[PDB]
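Report on the following structure.
Chain identifiers are assigned alphabetically (A, B, ...) following the order of the sequence lines, protein sequences preceding nucleic acid strands; residue numbering begins at 1 within each chain.
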Amino acid sequence: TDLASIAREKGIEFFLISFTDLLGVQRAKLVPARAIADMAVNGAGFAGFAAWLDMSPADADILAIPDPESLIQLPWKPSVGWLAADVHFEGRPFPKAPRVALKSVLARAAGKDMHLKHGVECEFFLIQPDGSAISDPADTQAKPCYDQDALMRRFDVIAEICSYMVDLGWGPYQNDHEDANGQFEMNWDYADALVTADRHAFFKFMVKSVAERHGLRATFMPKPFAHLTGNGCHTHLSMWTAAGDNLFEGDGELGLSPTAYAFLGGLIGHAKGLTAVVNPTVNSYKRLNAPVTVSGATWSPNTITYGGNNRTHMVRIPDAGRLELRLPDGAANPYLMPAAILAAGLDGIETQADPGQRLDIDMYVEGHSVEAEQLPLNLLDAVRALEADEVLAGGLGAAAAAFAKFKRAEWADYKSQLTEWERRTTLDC
Amino acid sequence: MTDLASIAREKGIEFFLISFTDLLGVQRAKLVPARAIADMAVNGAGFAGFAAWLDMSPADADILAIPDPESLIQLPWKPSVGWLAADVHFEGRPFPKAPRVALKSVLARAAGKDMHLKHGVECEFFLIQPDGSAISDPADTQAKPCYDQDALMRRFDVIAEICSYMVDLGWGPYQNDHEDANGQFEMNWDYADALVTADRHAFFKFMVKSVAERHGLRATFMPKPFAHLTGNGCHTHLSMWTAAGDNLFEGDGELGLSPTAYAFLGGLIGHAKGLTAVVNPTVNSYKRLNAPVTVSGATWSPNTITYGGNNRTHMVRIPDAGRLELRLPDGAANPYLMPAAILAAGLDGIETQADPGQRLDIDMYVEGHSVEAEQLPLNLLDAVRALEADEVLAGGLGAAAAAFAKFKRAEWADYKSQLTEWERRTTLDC
Amino acid sequence: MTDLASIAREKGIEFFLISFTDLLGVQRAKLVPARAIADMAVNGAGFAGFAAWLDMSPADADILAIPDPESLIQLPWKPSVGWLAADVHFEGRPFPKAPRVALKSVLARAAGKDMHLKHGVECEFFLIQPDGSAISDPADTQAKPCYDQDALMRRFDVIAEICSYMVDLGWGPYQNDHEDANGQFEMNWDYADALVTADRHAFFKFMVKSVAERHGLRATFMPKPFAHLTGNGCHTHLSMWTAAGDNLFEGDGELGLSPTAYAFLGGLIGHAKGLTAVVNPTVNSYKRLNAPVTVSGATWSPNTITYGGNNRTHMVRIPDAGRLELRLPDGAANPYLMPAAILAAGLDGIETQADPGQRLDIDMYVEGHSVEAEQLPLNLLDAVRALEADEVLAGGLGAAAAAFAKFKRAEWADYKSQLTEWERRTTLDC
Ligand SMILES: Nc1ncnc2c1ncn2[C@@H]1O[C@H](COP(=O)(O)OP(=O)(O)O)[C@@H](O)[C@H]1O
Ligand SMILES: Nc1ncnc2c1ncn2[C@@H]1O[C@H](COP(=O)(O)OP(=O)(O)O)[C@@H](O)[C@H]1O
Ligand SMILES: Nc1ncnc2c1ncn2[C@@H]1O[C@H](COP(=O)(O)OP(=O)(O)O)[C@@H](O)[C@H]1O
């Protein structure tokens with residue numbers, strides 16, 4: 001059926017034709033039902049220059065072509081229908097647009113009968129509308145993870161959103177209060193990478209929208225509070241044949257196949273550059289200065305290492321037939337992130353990359369001793385690692401170079417800023 | 001035969017709170033939609049143990065909290081949610097550091113000797129301002145406020161609502177009182193098998209806190225929340241039953257007690273110091289009014305390792321034939337570790353035919369200065385040392401004891417850096 | 001022949017400040033009454049080194065700070081007090097981690113080759129509100145404020161007072177300027193033997209801070225105290241003299257320089273990265289305005305490892321025949337470690353006949369994007385790594401280098417936990 005006919009059936013009065021730009025910003029146009037047919041076929045016009053797409057004011061408008069299978073009637077306002085879209089420029093999918101970049105990598109893998117499936121653990125904070133503190137002043141204890149009281153104190157927003165995911169058929173299965181005061185997580189079933197990526201982009205918008213409707217605010221910022229741990233976006237990954245078999249399932253260590261370990265080998269070999277994409281902000285690189293590893297230290301790995309059922313590494317092996325990449329944070333682009341991961345993975349497969357030795361230790365503690373390689377310490381270094389990484393850069397195409405340019409400009413901006421701390425500690429130098 | 005998915009459908013349960021109690025008594029829970037409960041009930045809900053008070057490592061596999069379907073409680077103030085108590089499992093086995101698991105281990109040993117602990121709890125709590133700075137009722141001020149009719153009825157709405165919930169839940173509530181301190185209250189219900197009472201105890205605190213907050217108030221089970229007032233006890237009533245339904249404490253001796261009851265009592269006396277660490281488990285548990293002429297609420301807490309008689313002045317009171325009341329525990333006492341440690345002490349007393357000593361039919365707050373009675377530990381650190389040195393208790397509670405002690409010493413080091421306003425005001429001019 | 005007790009009597013000195021500079025540039029001092037100075041001058045003033053920035057242990061014997069009687073300065077704003085610079089001694093020997101001692105070691109090596117470093121410092125500073133939140137003069141606002149006559153005279157009282165002090169002290173002050181940033185100032189004086197200039201540098205900062213505060217203001221030598229303004233340089237002028245009084249940098253080559261000057265310059269270029277760590281020693285030292293069209297005060301700091309010519313756009317300027325100006329250092333540069341590290345780099349250049357490369361007679365803020373010039377370290381951690389990897393510098397400064405690096409990494413770990421308002425505002429909606 002066409003979108004126009006569905007608009008009539010479901011009572012949809014407007015569609016949000018939406019695309020994700022290089023910085024993860026949701027760009028959208030609100031079009032009345034009477035216009036969906038024309039837009040569905042010809043796309044909605046946007047001036048790509050006004051988004052983060054590294055285009056020119058003199059370029060022809062991009063046409064964003066809605067994927068009708070992505071359709072989501074806003075559960076809090078069903079008369080509006082959300083669509084994810086592919087940005088086209090001059091008659092071709094635009095390779096700097098993240099969803100397009102992802103579909104390209106997916107296409108290469110599918111051509112080898114390898115279909116990436118993933119699921120995302122999107123931690124977020126519920127905070128005051130002005131952003132200055134968490135939403136619950138009573139959520140204060142040192143180890144608040146899974147706090148029953150605080151969890152239920154936010155039952156209304158959490159349960160409302162969860163029920164929405166049930167109805168949407170995402171298979172939500174748990175809601176938690178996470179490690180930091182004010183921090184939460186709502187998990188749902190993994191799916192085909194494109195499906196999960198669309199849900200991911202929609203989910204952030206749904207959480208922000210519902211929080212705001214309850215007089216609160218949600219943030220997926222990696223390190224919103226100086227005194228608390230950060231928002232991870234830990235990602236679970238597996239590769240499937242079209243016929244429905246999990247290629248990662250095998251008879252090797254921990255129930256993993258050689259394909260799984262070669263994929264993991266790409267993740268390891270490509271970790272430095274991968275960091276730039278999945279920890280994509282200046283803020284992504286801040287850490288509590290704590291010798292005694294906080295309860296939430298696990299939100300982020302420090303070392304290019306794996307694995308085991310061990311939340312202390314860059315890659316965890318939770319179970320047979322999957323890998324968990326713990327590297328990504330809450331700012332990770334829903335499309336660029338799976339795309340860059342897949343590019344690194346496929347390469348590991350094609351080069352039969354060796355992931356090295358599994359470390360069955362606590363990398364936060366007994367891993368000071370080990371000569372494990374360290375992850376990039378800031379945005380600029382991660383970006384340089386990305387540019388120097390030919391497989392990764394070539395994997396993502398022109399998205400990589402445009403991304404790197406935006407991040408360098410953010411870096412320059414950042415370097416003009418003063419922290420209160422440096423003023424306090426240097427004024428009397 | 002208890003199928004959670006089917007009950008969710010019958011009763012309109014949209015979410016379950018799969019919950020467990022950690023070593024510090026904190027309620028840890030995950031909110032799972034009904035569509036996920038079958039899987040969770042069989043396999044458990046995963047939690048990173050490191051993130052709770054379980055003395056685990058960041059690198060450990062997640063624990064799996066396996067819900068006890070029999071504990072199910074639809075939240076009376078929000079029936080679409082079903083609360084479940086759970087046993088922490090680690091590496092395919094029950095996790096001995098988890099309080100509910102520690103308790104079940106002791107009960108199993110007792111049950112193997114055909115001895116079944118039943119207890120009831122007197123969970124005093126205060127109703128206070130949301131910011132915690134004062135009691136909830138500024139008109140509750142009189143020097144002797146206990147059982148004040150006015151103040152009690154002024155909080156009729158919160159108390160009656162919670163009591164009605166307990167009626168419907170089948171706990172057999174039978175009385176609600178204003179207790180000894182201004183702002184202090186208590187709601188009693190029927191004793192039951194220890195695990196049943198423990199689960200109810202854990203749920204009860206959550207219910208009182210939740211309902212208070214819905215009414216714009218706050219509840220606290222803190223031992224000594226106000227410097228000018230007496231404290232929250234968790235006085236505990238105890239009896240031991242055969243599988244066939246006989247109360248072993250019932251007998252022909254003094255006050256209607258059997259020698260078994262007296263030997264159990266003997267274990268409580270013998271293990272008192274270490275017991276204090278578990279049932280008075282916070283730095284705050286050791287604060288006391290400095291009054292030369294006693295006080296109305298002095299009874300909230302015993303000072304001496306003594307019993308008994310129908311006398312609220314001792315560590316152990318004999319309220320009636322067939323039971324002992326341990327008056328030691330305070331409101332911070334872990335709902336599971338407390339019955340566990342008490343049972344460990346009492347089983348040892350029975351096994352050794354422990355002698356409880358002389359019953360003192362005197363007022364221990366007065367006449368108990370004279371009597372050469374042994375004093376209870378005066379602070380957290382001394383209690384913790386007595387616990388670590390107590391083989392029966394430490395061994396009885398398993399690894400839970402050592403982890404508990406490590407946590408308490410860390411709290412103690414924290415406490416030792418703090419300054420009271422008093423010491424500043426009285427020492428600044430030294 | 002310089003007797004402190006006798007001078008105290010002649011000149012009315014009631015107290016001495018026996019002072020030393022630690023690795024972070026902090027002035028450590030003890031206030032001793034005149035009656036004690038003889039003993040202190042011979043034996044030194046005791047300090048617990050652990051309590052200053054000297055990377056020592058609580059268990060170490062106190063260091064003894066032995067005052068250099070020749071450094072004596074009666075505080076011009078309070079002549080009853082006599083300031084003395086001191087060498088830190090530990091276990092009967094000069095302490096190599098102490099900056100003044102580190103500097104004297106390098107000078108001794110240079111002097112052993114009949115090479116005597118003389119330098120002068122351009123110590124920019126801002127005059128600011130006592131609370132540090134803004135510059136001291138709310139009327140100093142114009143986009144190009146450099147040498148503003150109005151704003152300069154509006155602070156005539158503090159500037160003239162300090163200048164007069166420098167006149168009486170014999171430093172040969174010759175000019176006072178409003179510098180490039182609003183609120184920024186500079187007071188120049190004659191170059192001198194390196195140790196003399198270093199002592200004066202240390203005293204000067206203290207004098208400016210002290211006099212500003214007496215006038216209800218505050219002075220700061222912080223590199224980048226205001227986000228909207230350029231920074232405080234400590235541009236340093238350098239020449240090397242024989243004992244007989246000849247300036248070795250003077251010669252017949254380009255711009256009146258000898259091959260010795262060019263080889264010295266070659267060492268500055270070769271050792272630039274590591275040098276950056278010492279003379280730009282704070283996290284704050286690496287902040288910069290983000291302007292596409294340069295700025296009036298852009299010159300406060302070089303971006304590239306290049307020279308030279310009478311050109312304020314490079315890391316090294318050749319102001320005139322017979323000297324080099326290193327523009328690298330900022331206001332946080334340790335008065336002793338900075339000349340020490342510079343001299344270590346320059347002596348190596350002379351020893352290796354280091355090639356400085358091509359002089360660039362261009363505007364490096366503009367035309368220096370094109371030129372394939374090497375960039376200076378972009379942050380503290382990278383500078384520190386370059387320093388640790390620099391054998392000549394690390395070896396030249398001795399244990400002072402390693403301790404310095406340890407301190408800077410610790411500051412860095414501290415910095416990495418901080419959030420700017422900018423990143424919160426631009427990332428909260430990610
Ligand atoms: N084979 C798989 N491939 C990709 N993602 C998966 C796979 N299996 C599960 N996931 C997803 O991983 C995420 C985390 O699952 P979860 O069972 O909570 O992991 P764990 O309990 O081990 O931490 C969920 O979104 C889940 O659906
Ligand atoms: N045989 C028993 N064993 C354990 N607890 C009991 C027993 N009998 C009563 N209790 C419980 O003791 C608690 C207090 O009972 P209560 O009659 O109010 O004591 P009293 O009036 O003597 O002070 C209640 O929870 C009650 O159910
Ligand atoms: N031969 C020299 N060696 C070291 N420093 C010198 C030498 N000559 C002058 N200086 C010092 O350099 C600093 C700057 O001098 P100045 O004449 O104002 O430089 P310019 O005007 O070229 O920018 C002063 O402290 C000055 O005394």
Side-chain angles (χ1 to χ4, degrees), chain A residues 429, chain C residues 2 4 16-30 32 40-56 60 62-73 82-112 116-121 123 171 191-207 221 234 236 238 278-279 281 329 332-344 347 393-404 407:
Chain A
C429 76
Chain C
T2 353
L4 292 177
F16 291 89
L17 268 177
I18 295 175
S19 165
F20 71 86
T21 302
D22 75 15
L23 247 21
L24 258 49
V26 181
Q27 305 298 276
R28 308 292 179 184
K30 166 189 311 285
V32 319
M40 301 259 164
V42 177
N43 298 310
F47 292 89
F50 169 67
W53 291 106
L54 289 180
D55 190 33
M56 302 181 77
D60 291 328
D62 281 11
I63 63 79
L64 280 309
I66 301 184
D68 176 341
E70 282 313 321
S71 68
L72 175 62
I73 296 184
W83 180 89
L84 288 161
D87 276 6
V88 174
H89 280 51
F90 180 54
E91 290 177 336
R93 285 164 293 103
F95 192 55
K97 293 188 223 195
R100 193 168 189 273
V101 175
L103 172 63
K104 308 216 310 181
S105 286
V106 194
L107 294 173
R109 297 200 293 275
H116 303 265
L117 171 68
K118 305 204 188 169
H119 72 122
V121 284
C123 312
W171 294 12
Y191 71 109
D193 282 310
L195 181 58
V196 169
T197 296
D199 286 343
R200 295 177 167 171
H201 188 177
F203 184 78
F204 179 78
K205 294 167 61 191
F206 168 63
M207 173 163 63
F221 294 85
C234 190
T236 298
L238 312 154
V278 174
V279 310
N334 190 287
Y336 302 93
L337 292 182
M338 179 223 93
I342 292 168
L343 183 59
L347 285 168
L393 242 36
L397 294 181
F404 178 85
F407 299 161

Which value, rounded to the nearest 0.5 Å, describes the distance between [X] atom [atom1] and [Y] atom [atom2]?
| X | Y | atom1 | atom2 | answer |
| --- | --- | --- | --- | --- |
| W171(C) | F204(C) | CH2 | CZ | 7.0 Å |
| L393(C) | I342(C) | CG | CD1 | 10.0 Å |
| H116(C) | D193(C) | NE2 | CG | 8.0 Å |
| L117(C) | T197(C) | CG | OG1 | 8.5 Å |
| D22(C) | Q27(C) | CG | CD | 8.0 Å |
| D68(C) | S19(C) | CG | OG | 12.0 Å |

Side chains of [X] and [Y]: closer than 4.5 Å at any heavy-atom pair?
| X | Y | answer |
| --- | --- | --- |
| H201(C) | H119(C) | no |
| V101(C) | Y336(C) | no |
| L4(C) | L84(C) | yes |
| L23(C) | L337(C) | yes |
| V106(C) | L347(C) | yes |
| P339(C) | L103(C) | yes |

Might you point out which heavy atoms bring [X] and [Y] nearest each other, and give the distance in Å?
| X | Y | answer |
| --- | --- | --- |
| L17(C) | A29(C) | CD2-CB, 3.8 Å |
| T236(C) | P329(C) | OG1-CG, 3.9 Å |
| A198(C) | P335(C) | CB-O, 3.5 Å |
| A85(C) | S71(C) | N-OG, 2.9 Å |
| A102(C) | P96(C) | CB-O, 3.9 Å |
| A332(C) | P281(C) | O-CG, 3.7 Å |

Using the test ring pair (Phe, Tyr, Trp, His ring centres under 6.0 Å), find all partners of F404(C) that sit at least two apart in sequence or belong to another chain. none

Stepwise side chain to side chain contact (heavy atoms under 4.5 Å, CB included) check, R100(C) with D199(C): CA-CA 9 Å; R100(C) 193 168 189 273; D199(C) 286 343; 2.8 Å; yes

Side chain to side chain contact (heavy atoms under 4.5 Å, CB included) between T2(C) and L72(C), worked out: CA-CA 10 Å; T2(C) 353; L72(C) 175 62; over 6 Å; no

Cut-off 3.5 Å, no hydrogens considered: what does the side-chain donor-acceptor table look like for residues 45-55 of chain C, sequence neighbours left out?
unit_1 : atom_1 : unit_2  : atom_2 : d
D55(C) : OD1    : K406(C) : NZ     : 2.7
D55(C) : OD2    : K97(C)  : NZ     : 3.2
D55(C) : OD2    : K406(C) : NZ     : 3.1

